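Have a look at the structure below, then the notes.
Number of protein chains: 2
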Amino acid sequence: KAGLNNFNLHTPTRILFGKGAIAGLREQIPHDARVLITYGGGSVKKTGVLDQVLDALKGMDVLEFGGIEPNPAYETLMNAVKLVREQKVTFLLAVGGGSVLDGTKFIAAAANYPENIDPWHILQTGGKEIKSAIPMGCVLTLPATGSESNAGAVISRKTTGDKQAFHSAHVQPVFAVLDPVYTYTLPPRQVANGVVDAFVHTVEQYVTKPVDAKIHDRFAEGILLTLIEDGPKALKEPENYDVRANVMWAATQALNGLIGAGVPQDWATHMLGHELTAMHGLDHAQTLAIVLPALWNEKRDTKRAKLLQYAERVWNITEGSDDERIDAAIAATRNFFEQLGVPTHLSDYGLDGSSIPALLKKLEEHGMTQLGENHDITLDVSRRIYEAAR
Amino acid sequence: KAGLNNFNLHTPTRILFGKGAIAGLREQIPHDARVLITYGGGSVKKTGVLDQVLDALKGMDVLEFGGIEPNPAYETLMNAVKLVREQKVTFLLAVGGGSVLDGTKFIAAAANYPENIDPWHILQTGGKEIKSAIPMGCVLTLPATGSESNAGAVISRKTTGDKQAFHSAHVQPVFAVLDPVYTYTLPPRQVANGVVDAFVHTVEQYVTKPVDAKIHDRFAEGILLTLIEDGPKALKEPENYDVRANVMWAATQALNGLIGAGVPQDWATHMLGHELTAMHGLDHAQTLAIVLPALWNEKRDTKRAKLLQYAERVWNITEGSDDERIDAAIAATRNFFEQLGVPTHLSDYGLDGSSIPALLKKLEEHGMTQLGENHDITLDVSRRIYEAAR
Ligand SMILES: NC(=O)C1=CN([C@@H]2O[C@H](COP(=O)(O)OP(=O)(O)OC[C@H]3O[C@@H](n4cnc5c(N)ncnc54)[C@H](OP(=O)(O)O)[C@@H]3O)[C@@H](O)[C@H]2O)[C@@H](O)[C@@H](O)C1
Ligand SMILES: NC(=O)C1=CN([C@@H]2O[C@H](COP(=O)(O)OP(=O)(O)OC[C@H]3O[C@@H](n4cnc5c(N)ncnc54)[C@H](OP(=O)(O)O)[C@@H]3O)[C@@H](O)[C@H]2O)[C@@H](O)[C@@H](O)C1
Ligand SMILES: [Zn+2]
Numbered sequence: 005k006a007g008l009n010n011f012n013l014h015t016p017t018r019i020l021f022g023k024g025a026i027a028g029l030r031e032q033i034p035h036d037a038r039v040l041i042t043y044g045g046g047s048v049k050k051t052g053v054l055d056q057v058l059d060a061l062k063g064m065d066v067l068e069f070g071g072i073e074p075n076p077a078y079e080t081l082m083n084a085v086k087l088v089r090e091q092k093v094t095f096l097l098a099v100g101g102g103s104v105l106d107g108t109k110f111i112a113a114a115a116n117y118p119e120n121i122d123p124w125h126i127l128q129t130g131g132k133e134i135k136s137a138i139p140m141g142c143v144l145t146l147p148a149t150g151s152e153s154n155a156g157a158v159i160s161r162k163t164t165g166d167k168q169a170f171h172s173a174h175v176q177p178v179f180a181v182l183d184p185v186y187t188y189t190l191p192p193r194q195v196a197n198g199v200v201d202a203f204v205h206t207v208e209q210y211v212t213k214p215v216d217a218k219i220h221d222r223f224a225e226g227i228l229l230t231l232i233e234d235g236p237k238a239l240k241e242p243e244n245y246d247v248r249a250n251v252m253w254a255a256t257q258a259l260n261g262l263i264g265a266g267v268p269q270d271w272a273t274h275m276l277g278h279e280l281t282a283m284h285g286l287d288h289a290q291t292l293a294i295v296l297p298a299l300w301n302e303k304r305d306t307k308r309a310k311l312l313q314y315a316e317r318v319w320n321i322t323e324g325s326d327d328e329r330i331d332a333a334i335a336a337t338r339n340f341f342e343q344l345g346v347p348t349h350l351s352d353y354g355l356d357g358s359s360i361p362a363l364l365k366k367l368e369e370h371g372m373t374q375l376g377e378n379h380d381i382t383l384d385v386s387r388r389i390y391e392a393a394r
Numbered sequence: 005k006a007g008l009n010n011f012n013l014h015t016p017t018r019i020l021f022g023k024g025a026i027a028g029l030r031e032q033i034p035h036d037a038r039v040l041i042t043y044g045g046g047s048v049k050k051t052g053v054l055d056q057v058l059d060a061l062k063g064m065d066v067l068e069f070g071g072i073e074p075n076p077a078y079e080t081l082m083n084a085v086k087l088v089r090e091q092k093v094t095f096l097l098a099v100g101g102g103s104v105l106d107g108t109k110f111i112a113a114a115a116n117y118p119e120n121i122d123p124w125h126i127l128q129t130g131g132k133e134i135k136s137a138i139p140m141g142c143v144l145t146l147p148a149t150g151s152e153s154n155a156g157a158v159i160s161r162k163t164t165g166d167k168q169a170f171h172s173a174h175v176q177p178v179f180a181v182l183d184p185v186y187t188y189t190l191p192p193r194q195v196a197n198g199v200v201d202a203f204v205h206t207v208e209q210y211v212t213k214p215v216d217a218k219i220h221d222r223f224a225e226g227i228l229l230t231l232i233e234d235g236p237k238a239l240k241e242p243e244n245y246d247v248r249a250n251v252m253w254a255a256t257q258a259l260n261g262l263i264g265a266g267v268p269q270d271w272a273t274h275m276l277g278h279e280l281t282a283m284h285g286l287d288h289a290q291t292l293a294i295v296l297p298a299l300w301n302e303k304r305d306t307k308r309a310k311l312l313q314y315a316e317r318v319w320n321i322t323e324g325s326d327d328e329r330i331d332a333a334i335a336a337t338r339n340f341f342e343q344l345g346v347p348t349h350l351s352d353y354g355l356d357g358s359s360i361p362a363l364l365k366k367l368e369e370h371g372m373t374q375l376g377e378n379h380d381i382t383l384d385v386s387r388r389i390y391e392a393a394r
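So the sequences go chain by chain: A and B.
To convert, take the position in the first sequence, counting from 1, and add 4; that gives our numbering.
To convert, take the position in the second sequence, counting from 1, and add 4; that gives our numbering.
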């Protein structure tokens, strides 16, 4: 096994966790700040969560911007960038799921970006030239992405069919309110999506090259084990507080930097999946459920050791040849996704694979030609993975 | 099974981890600052670490203060506090173990304390009235306490036989340099002490009362499993980087706030142990190895469920009655400490238990009369625990 690489870990986001944790929200925002509350397509109005937020900040200088959609659009967000500049917003409060949080991270950085440069430049450069951003916090209504306490975001330009990520410490939220009760109203589709996303985030940082990082491994395995136990329960028992709190906390811990610090990371499943969302409109987690089992089969030898550890530690699979244990672990993973209600073949979404050449052209356009922890997933390999996922 | 309590988790310490991670040190400290490098009895001069730190901060306005011995003494630290006030120090850099870091946390707070109040008041109030402190960073040479990325400190006043803790967010280090290579020089005694302290920190937050916090449980179990595997290897292979890296990271993750957030915590072993260090001079971890097995036997009824989970998850103990399993778990724990070279009976250290009445007087003086997660360890229970530890 290889060793940990040197790392620099900073996890500054203050977490306010639990039932009624919104009581601590007002405290976190500077009293003289001009706050823009961002939110999504309207679920927060129906549930009363937006009203709770507005009441927490009663008397403060508050504006609202609604309409940030799943796979948040540059086209949507430029409206808020204009508003933020013209109204001199000095603090952003994101209320919703990962799309709302990510859209708000983009607004935060875009507002301070050089005036004469199209802020889509952030996505073309992965956020490396971001020098500052408007501070933000969040109230998370959907556990999936860990965006509440990480420095990443995924923004789409819908006109041209691009879905790309950026990263910058400047868009790391100052705080996050995590109240499991706010997740009770999630449609099961989204509950399942969130369990899958947290699961896949974990394996992107854990089912990789073997490194003797025992805490990282145990923590990753712990998240996976918890999602397998309580994920399905969150569908059967939607208002079980303990179950929903376990899922919410698992999703946070899957991508705040801790389990990936100094260890090789894959992300190929994510990169391949992004193109499926961009071209075909599939939910982010749906694309991962399709790509992951096909990718793991294709990459079963570079990933042999960690697939075998995963098989044993997460699924209690120990018997047979390495090939048999890996087949069984992949099958168990596919079944887990399917049983959550997340199908794992392109044909389940009415896609026959004729779009694969077009997806590869988009991968190439986006510089996704040497994917994976070994930088060995070329366009011919990506073609084979997509083909296997039909 | 009970539920998670609401919590407020903030872990702001930047971690610079790995071989030669001191190359990131200079960047962290403000150029304009007047830095006081604090250190211990002299090992840092002998090894070469203090020179690496001075080399890293070459040209900057630095001062030095050595002499902070294990169980950092109020008398010594007040000499540092006077130096900090006279020289207008604006930043502290602790280079050493937990005693050095903790002593520096006290210097940081006591220096800003009201001039006409004895800053030992900090320990009388547990740090509750601390309004500010001089910012600090650290370079850790001994993994044990997790003090590098927590807001706690334990100071001794040798004059009056006191060893007491304070807590304040103001003494949380801005950064911590964690280079496993610096731990290679640790005497076996201190390697063992660190493994034990990390182990006990974890069980203080985990072997309590059953709460359905699955991530907390898996993470705590993960630290414990890792310390059992690689702790003995750190003695046998002192220069094995991967092994030393696993132990160092485990100790960090054992007390940064993560695994204890919203869950019941015990700390009774620590409170009873502090009085053994103050009275008899035992290393902190030696006092924990003595007290823990005795306390668990005494509290086997209230701790039943988590002792059984501990037994299964950490020691693979599944067969037999509940009492047989608990006995085997306690026995396994005791053996583990002993095989690290840390005896678990007072008589192993030449203490016959005649000091127990005097220990109870000190516990009473310090308000340690209703200890444990159920606040039910009274002085007569503490007597019973000490007596069983003979
Ligand atoms: N920042 C990051 O590090 C990452 C972000 N990712 C990105 O995150 C986005 C997905 O975020 P999610 O949190 O999964 O979901 P969305 O925010 O899109 O929301 C999905 C739907 O759920 C609904 N919803 C959210 N909270 C609800 C509530 N409690 N009650 C009822 N409905 C609720 C939303 O409905 P509304 O828009 O009406 O609010 C939305 O349709 C995708 O765009 C994905 O690419 C991922 O790529 C991830 O891998 C990495
Ligand atoms: N801040 C906190 O959260 C807590 C701190 N605790 C407190 O922490 C203190 C113990 O700290 P540790 O890190 O275990 O050890 P110390 O700092 O006292 O040092 C012990 C000896 O180790 C030696 N040492 C440290 N780094 C070395 C190196 N790498 N090479 C060779 N020798 C080295 C030290 O020798 P020197 O003084 O010459 O430097 C010391 O004698 C005790 O006073 C304890 O009460 C604990 O109570 C803990 O439970 C919680
Ligand atoms: Zn301790």
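Even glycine gets a Cβ: it sits at the ideal position worked out from N, Cα and C.
Where residue i sits in the DSSP three-state scheme
| i | result |
| --- | --- |
| A:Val247 | helix |
| A:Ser160 | strand |
| B:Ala255 | helix |
| A:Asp166 | strand |
| B:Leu146 | coil |
| B:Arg338 | helix |
| A:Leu8 | coil |
| A:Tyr390 | helix |
| A:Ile72 | coil |
| B:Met64 | coil |
| B:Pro242 | coil |
| B:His284 | helix |
| B:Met140 | strand |
| A:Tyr314 | helix |
Proximity to residue i [Cα-Cα], best of the options
| i | options | result |
| --- | --- | --- |
| A:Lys365 | A:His205, A:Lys86, A:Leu280 and A:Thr145 | A:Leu280 |
| A:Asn12 | B:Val181, B:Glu391 and B:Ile72 | B:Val181 |
| B:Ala112 | B:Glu73, B:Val66, B:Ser172 and B:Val57 | B:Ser172 |
| A:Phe95 | A:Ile121, A:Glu73 and A:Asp65 | A:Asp65 |
| B:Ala333 | B:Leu344, B:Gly354 and B:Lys310 | B:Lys310 |
| A:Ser153 | A:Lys167, A:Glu328, A:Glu368 and A:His174 | A:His174 |
| residue 395 of chain B | B:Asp380, B:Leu363, B:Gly376 and B:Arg308 | No statement about residue 395 of chain B is possible, as the shown extent of chain B runs from 5 to 394 and does not include it. |
| B:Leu67 | B:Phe110, B:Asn9 and B:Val88 | B:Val88 |
| B:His379 | B:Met275, B:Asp201, B:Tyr186 and B:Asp352 | B:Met275 |
| A:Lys213 | A:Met283, A:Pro268 and A:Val204 | A:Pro268 |
| B:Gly266 | A:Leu8, A:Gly22 and A:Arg394 | A:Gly22 |
| B:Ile263 | B:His205, B:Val200, B:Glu241 and B:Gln91 | B:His205 |
| B:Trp300 | B:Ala272, B:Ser325 and B:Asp221 | B:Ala272 |
| B:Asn9 | A:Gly70, A:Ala37, A:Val48 and A:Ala249 | A:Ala249 |
| A:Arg38 | A:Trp124, A:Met140 and A:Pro347 | A:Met140 |
| B:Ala217 | A:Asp216, A:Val215 and A:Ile227 | A:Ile227 |
| A:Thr337 | A:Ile232, A:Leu350, A:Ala282 and A:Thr322 | A:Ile232 |
Assumed close pair residue i, residue j - CB separation to whole angstroms, cut-off 8 Å
| i | j | result |
| --- | --- | --- |
| B:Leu40 | B:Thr149 | Actually they do not touch by this definition, with Cβ atoms about 21 Å apart. |
| A:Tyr43 | A:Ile72 | 7 Å |
| B:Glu79 | B:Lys162 | 7 Å |
| A:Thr15 | A:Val178 | Contact doesn't hold; Cβ gap of about 12 Å is too wide. |
| B:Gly107 | B:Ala169 | The pair is not a contact, with the Cβ atoms about 13 Å apart (cut-off 8 Å). |
| A:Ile126 | A:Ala114 | 7 Å |
Residue i CB to nearest heavy atom of ligand 5 below 7 Å
| i | result |
| --- | --- |
| A:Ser103 | Of the ligands this structure carries, namely ligand 1, ligand 2 and ligand 3, none is ligand 5. |
Practice task
Select from the segment 275-299 of chain B all residues with a C-beta closer than 9 Å to any C-beta belonging to chain A, and list them in chain order.
Solution key: For the segment 275-299 of chain B, the set of positions with a beta-carbon nearer than 9 Å to some beta-carbon of chain A is empty.
Problem - Members of the segment 229-255 of chain A near chain B, C-beta cut-off 9 Å - result: Across the segment 229-255 of chain A, CB contacts with chain B closer than 9 Å involve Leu229, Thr230, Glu233, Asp234, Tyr245, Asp246, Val247, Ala249, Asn250, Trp253 and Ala254, in sequence order along the chain.
Practice task
Output, in sequence order along the chain, the residues in the segment 137-171 of chain B whose CB is closer than 8 Å to any CB in chain A.
Solution key: With the criterion set as a beta carbon lying under 8 Å from some beta carbon of chain A, the segment 137-171 of chain B has no members that meet it.
Exercise for the section: Below 8 Å between beta carbons is the criterion; list the residues of the segment 196-219 of chain B that meet it against any residue of chain A, in chain order. Expected result: Listed by position along the chain: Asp216, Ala217, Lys218 and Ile219.
Handout entry: the segment 18-50 of chain B: positions lying closer than 8 Å to chain A by Cβ
Key = Listed in sequence order: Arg18, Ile19, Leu20, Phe21, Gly22, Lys23, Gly24, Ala25 and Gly28.
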